[PDB]
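> Protein chains in written order, with the entry's author numbering: chain S, 65 to 136; chain E, 2 to 119; chain a, 90 to 130, 135 to 138; chain L, 66 to 193; chain I, 58 to 194; chain Q, 3 to 87; chain U, 155 to 202; chain P, 46 to 142; chain B, 149 to 222. Even for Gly, the Cβ is constructed at its ideal location relative to N, Cα and C.
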Amino acid sequence: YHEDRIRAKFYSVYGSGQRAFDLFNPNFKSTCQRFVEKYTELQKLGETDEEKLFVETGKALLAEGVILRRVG
Amino acid sequence: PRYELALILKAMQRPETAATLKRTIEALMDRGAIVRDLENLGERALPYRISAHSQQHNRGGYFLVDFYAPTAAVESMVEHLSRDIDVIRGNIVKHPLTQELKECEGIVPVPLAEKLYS
Amino acid sequence: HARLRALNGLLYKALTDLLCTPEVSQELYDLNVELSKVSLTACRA
Amino acid sequence: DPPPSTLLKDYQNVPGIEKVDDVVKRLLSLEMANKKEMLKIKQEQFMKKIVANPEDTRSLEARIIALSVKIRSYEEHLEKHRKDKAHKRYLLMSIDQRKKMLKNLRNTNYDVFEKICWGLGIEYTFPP
Amino acid sequence: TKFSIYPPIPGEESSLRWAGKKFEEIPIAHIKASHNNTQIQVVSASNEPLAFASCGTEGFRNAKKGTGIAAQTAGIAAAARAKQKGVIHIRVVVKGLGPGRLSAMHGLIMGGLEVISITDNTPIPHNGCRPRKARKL
Amino acid sequence: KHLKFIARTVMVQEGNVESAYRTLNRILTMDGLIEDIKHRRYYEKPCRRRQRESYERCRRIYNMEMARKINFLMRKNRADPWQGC
Amino acid sequence: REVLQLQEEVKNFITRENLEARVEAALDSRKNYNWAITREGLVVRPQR
Amino acid sequence: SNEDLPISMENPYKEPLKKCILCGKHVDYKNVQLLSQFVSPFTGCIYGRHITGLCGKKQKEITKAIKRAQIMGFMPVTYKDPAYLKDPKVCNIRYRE
Amino acid sequence: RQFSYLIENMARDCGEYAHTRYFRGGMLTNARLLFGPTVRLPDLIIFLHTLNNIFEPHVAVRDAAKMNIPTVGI
RNA sequence: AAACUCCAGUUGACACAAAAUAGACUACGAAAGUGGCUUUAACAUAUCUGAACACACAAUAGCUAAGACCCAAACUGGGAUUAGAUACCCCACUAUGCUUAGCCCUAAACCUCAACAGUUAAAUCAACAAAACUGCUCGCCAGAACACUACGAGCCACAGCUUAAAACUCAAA
Ligand code: FES
Ligand SMILES: [K+]
Ligand SMILES: [Mg+2]
Ligand SMILES: [Mg+2]
Ligand SMILES: [Mg+2]
Ligand SMILES: [Mg+2]
Ligand SMILES: [Mg+2]
């Protein structure tokens, strides 16, 4: 899917966060899923730069308070 | 083409080493070489005893003469280095900087079973 | 049979690796014991 | 053979190559290059001398010219190394391929075939 | 201190000493372990022979020379003769894969000498001469 | 011609000559020198050497594959979770 | 660009005019090529 | 016909190939320090690729450079140069005890 | 073997039959000998698992094809 | 046992020989082949197929001539072993393996798979080997043995190689 690139980038930068996957919940929304949703929202706003939209989405989520520890 | 002469010279006093280097570069120029650069890797003990011109050496000075020369000259230069006495050893190679680094992307894996029949 | 032979070889290799490394035991590492044979039925070394 | 002072094929077209120092000219001449550069210069000379479109290489005439240059190289090599069976085979096979190409050119374009035979000094002899 | 199996490098000053002597000065016990014989010779750091022994010199003859006990006896005799000249510590340089390859060392230990280093100098030809054909037995 | 008492040299630790000899023998075996000498005692004809090398390579490949298979399958070597069925 | 770089480098080439000076400079010089590699792939430079 | 259908593209999660430690670096015969890292300290034997973990191209380059240095008086043949006994250990071999 | 109990219980509850044990050779092709000639073979066989424990196809599939018994299968 | 006892060990000097480890790599070449280093030259063909004989190659062994000769080594001599000779074993040593220039042109020269192009769908398919085939071309085979023979022809080959029968005989091979 198109969101696969965003997911790969997010998992490269941050990896598996402290919030584990509750695959038993069909309505579960992972941290990577939240990042993808915010990226899609910002893309709908008209922005096109992937490597800049990534940072903007990260900033928005940090403002929201989501933990975004980097891998290194 | 671009050649690199690795030259191990007899451990001598500085004026003698200067004279030997000047003589060798003069021979290279006579054979037609344009000497790009001259380097010195210092004087060090040889990795093994080397006998040359009825004399055994345990230490020597290392130099690298980068140059350009017509191909037909190289053989001649080798002969000259064979006849010199202050030269413990001398080898002319194609210059490594002329060998471009064709970048390897990685190690592609291969299944091990086929290796029995292949 | 061949599977048991490979298992014996693997046990021999594992025991040799344990002997060689110093992390298992300073005494065992200092002994430098070498194994002639390893055979599984219990295991005989 | 081309004069040793002849520039390499790539370096004869760059602008300002006539103003560089004599050392730079030597470093880009045939003197400081292997035999393959001389072969390339020879091939370019033959192309500009014989074929109507030297820019084209897939043409039969260009292939014949290149193979003739290779045949000359193999002959010069064997003149020194008489005991080289591999290059003897390569020379003979290249001569056979050139004969086949000349036969095809003669069957297709006879005027240009005559031009090839004159320029490269090749005499086309029918097989026994 | 941390023991390193690597020998001390000649020309570099190491703290290791034996009887107030450096590793470069310790006498050298050359051992040759052939299949039919074993020879032992102690020499000084200046290549001065001090003691020599072999299975044949110790009275063993023919096949009896190939036994490890013969090499042990040769080591005992060589160690005694060297110790008579003041040899205490030795550097063992063993070549060949004879039965006595180790036994000779034991003999030196039984002779009273102290081995501080074991060196293998087995002549391994980097594709040199052609060995004899395999025995048809 | 090389400097001596560097190659194939092991320092005896606290007079433990036997351990030092064992270490030296293990080093030579790891480097294959002992097998090299044993094979060089008599001439091995090139066809025989090629056959032996090919057989050794095939044996090593087969042994590695079998070890991998055994390690993979031994993960199921546990107590029966559905006894009585 | 290659030709221009070569022409610039020609200035530093050794000739019969500066032969002795270049020889003396090289004799005073000490070029090192030794450098190790880590398990991670880092070029460990020579200590001195 | 529908947006939810999968699209065709290269695996985005594909992790990069584990390049050999010397990949992208120029192996030279004069670099005795680098070459000695792949030889046996006690015998000077060149380690196989299963010990060095090097790719085929780099293994061949290292072997050729080692042979050239040995024959050209840059590197001891029967032993590793003692001056490099303390260099970083990159080969996967354990000898002592 | 994980679902053997559940499948047997479901079959018993629904009034139908279950066979989750080691399928003996000829339980279908040789049913007349193993049960008496008057035995009535199943009119439909439902495989919840079409592979045996060695990952080969269950022999019951081939046997039911031989005896012309339709097979529903997961 | 014979042999050697200017024999052996250490150190030093010291090759026209052979090319550990790398190589657990599977590369180059048409095949044979080719695994020390450097340098030079160099790895045919922008459609395929195309020869017992034309053209050019062709492991080992062998021949001719001149060198080299560490080691190995048919043959030979000696010592053992054997009832005994020979062989297996030990020792010494030669042709020979090496170089130069010619010749000989053989192999289980075998991936025992002709070259080129295409396919993985049917029936997958005698068996085994190595999954089954299709298109196209060249070469080859038509029971066994006689026969890698005889004769003829060709060859620097002269106890040779290539091509290669028939008669008698069998009901199998
Ligand atoms: S892994 Fe790429 S050069 Fe070795
Ligand atoms: K090898
Ligand atoms: Mg053809
Ligand atoms: Mg031949
Ligand atoms: Mg001879
Ligand atoms: Mg073959
Ligand atoms: Mg054909």
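Output the residue ranges of the alpha helix (DSSP H) runs that lie fully inside the segment 106 to 193 of chain L and measure 4 residues or longer, sorted by chain position.
Counting only runs of 4 or more, we get 125 to 145, 150 to 173 and 175 to 185.
> State the Cα-Cα distance for the pair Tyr44 (chain Q) and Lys193 (chain I), rounded to the nearest angstrom.
Cα-Cα distance, rounded: 11 Å.
> Can you name the residues of chain Q whose CB is closer than 7 Å to the CB of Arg50 (chain E)?
Residues of chain Q passing the Cβ test: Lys3.
> Would you say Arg149 (chain B) faces chain Q, with C-beta separation under 7 Å as the test?
By this cut-off, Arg149 (chain B) is an interface position.
> Give me the DSSP bridge partner(s) of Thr219 (chain B).
In DSSP, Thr219 (chain B) forms a bridge with B:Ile193.
> Helix, strand or coil for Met13 (chain E)? Go by DSSP, reduced to three states.
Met13 (chain E): coil per DSSP, three-state reduction.
> Going by the beta-carbon positions, is the gap between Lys140 (chain I) and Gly164 (chain I) smaller than 7 Å?
Against a cut-off of 7 Å, the Cβ pair of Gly164 (chain I) and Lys140 (chain I) comes out as no contact.
> Entirely within the segment 5 to 29 of chain Q and at least 3 residues each: give me those beta strand (DSSP E) ranges in chain order.
Fully enclosed beta strand (DSSP E) runs of 3 or longer: 11 to 13.
> To the nearest whole angstrom, what separates the beta carbons of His4 (chain Q) and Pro121 (chain P), a pair I think is in contact under 8 Å?
Confirmed, about 6 Å.
> Shortest alpha-carbon distance to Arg176 (chain U) belongs to which of E:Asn41, E:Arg3, E:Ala70 and E:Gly33?
When only C-alpha atoms are compared, the closest one is E:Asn41.
> Three or more C-beta pairs closer than 8 Å, one from the segment 64 to 76 of chain Q and one from the segment 14 to 25 of chain Q: is that the case here?
Too few Cβ pairs lie closer than 8 Å, so no.
> Can you say whether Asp87 (chain E) is buried or exposed, counting buried as having 16 or more other CB atoms within 10 angstroms of its CB?
That one is buried.
> Please identify, using Cβ separations under 7 Å, the residues of the segment 101 to 118 of chain E that lie next to chain P, in order along the chain.
Hits within the stretch, in order: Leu102, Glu104, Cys105, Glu106, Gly107 and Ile108.
> Report the neighbours of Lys125 (chain P) on chain E: residues whose CB is nearer than 9 Å to its CB, in chain order.
Under the 9 Å cutoff, chain E gives no residues; its nearest Cβ is about 11 Å from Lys125 (chain P).
> According to DSSP, is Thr176 (chain I) helix, strand or coil?
Three-state DSSP puts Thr176 (chain I) in a strand.
> Between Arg10 (chain Q) and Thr88 (chain P), how many whole angstroms is the CB-CB distance? I'm expecting something under 8 Å.
Indeed they touch by this definition, with Cβ atoms about 6 Å apart.
> If you compare alpha carbons, which of P:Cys90, P:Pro51, P:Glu48 and P:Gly118 is closest to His58 (chain E)?
Nearest option by C-alpha distance: P:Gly118.
> What does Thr18 (chain E) touch in chain U if you count any residue whose Cβ is under 8 Å from its own?
Those within 8 Å of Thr18 (chain E) in chain U are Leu181.
> Please report the straight-line C-alpha distance between residue 144 (chain S) and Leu62 (chain P), rounded to a whole angstrom.
No information on residue 144 (chain S) is available, as it lies outside the stretch 65 to 136 that chain S covers here.
> What are the partner residues of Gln129 (chain I), as DSSP defines its beta bridges?
Answer by DSSP bridge pairing: none, since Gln129 (chain I) is not bridged.
> Would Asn121 (chain a) count as contacting chain Q if we go by Cβ distances under 7 Å?
By this cut-off, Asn121 (chain a) is an interface position.
> In whole angstroms, give me the CA-to-CA distance for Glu81 (chain I) and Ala131 (chain I).
For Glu81 (chain I) and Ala131 (chain I), the distance between alpha carbons rounds to 25 Å.
> Within this structure, are the beta carbons of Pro84 (chain I) and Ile147 (chain I) separated by less than 7 Å?
A contact, by the Cβ cut-off of 7 Å.
> Express the C-alpha separation of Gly77 (chain I) and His92 (chain I) in angstroms, rounding to a whole number.
Answer to the nearest angstrom: the Cα atoms are 38 Å apart.
> Per DSSP, what kind of secondary structure is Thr95 (chain S) in: helix, strand or coil?
Helix.
> Please classify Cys136 (chain a): does DSSP put it in a helix, a strand, or coil?
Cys136 (chain a) falls in the strand class under three-state DSSP.
> Rank E:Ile35, E:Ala53, E:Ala34 and E:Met30 by C-alpha distance to the C-alpha of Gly91 (chain E) and give the top, closest one.
The shortest Cα separation from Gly91 (chain E) among E:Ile35, E:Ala53, E:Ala34 and E:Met30 belongs to E:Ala53.
> Is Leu120 (chain a) closer than 7 Å to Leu104 (chain a) when the C-beta atoms are compared?
Contact flag unset, no.
> Spell out whether any CB of chain Q is found under 7 Å from the CB atom of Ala103 (chain a).
So, not an interface residue.
> Taking the straight line between their C-alpha atoms, what separation do you get for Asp161 (chain B) and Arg77 (chain Q)?
If I take the Cα positions, the gap works out to 36 Å.
> In this structure, does DSSP put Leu154 (chain I) in helix, strand or coil?
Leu154 (chain I): coil per DSSP, three-state reduction.
> Quick one: grab the DSSP three-state call for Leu130 (chain P).
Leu130 (chain P) falls in the coil class under three-state DSSP.
> Nearest to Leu99 (chain P) by alpha carbon, out of P:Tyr140, P:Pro57, P:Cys68 and P:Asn47?
Comparing Cα-Cα distances from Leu99 (chain P) to each of P:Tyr140, P:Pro57, P:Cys68 and P:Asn47, the minimum goes to P:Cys68.
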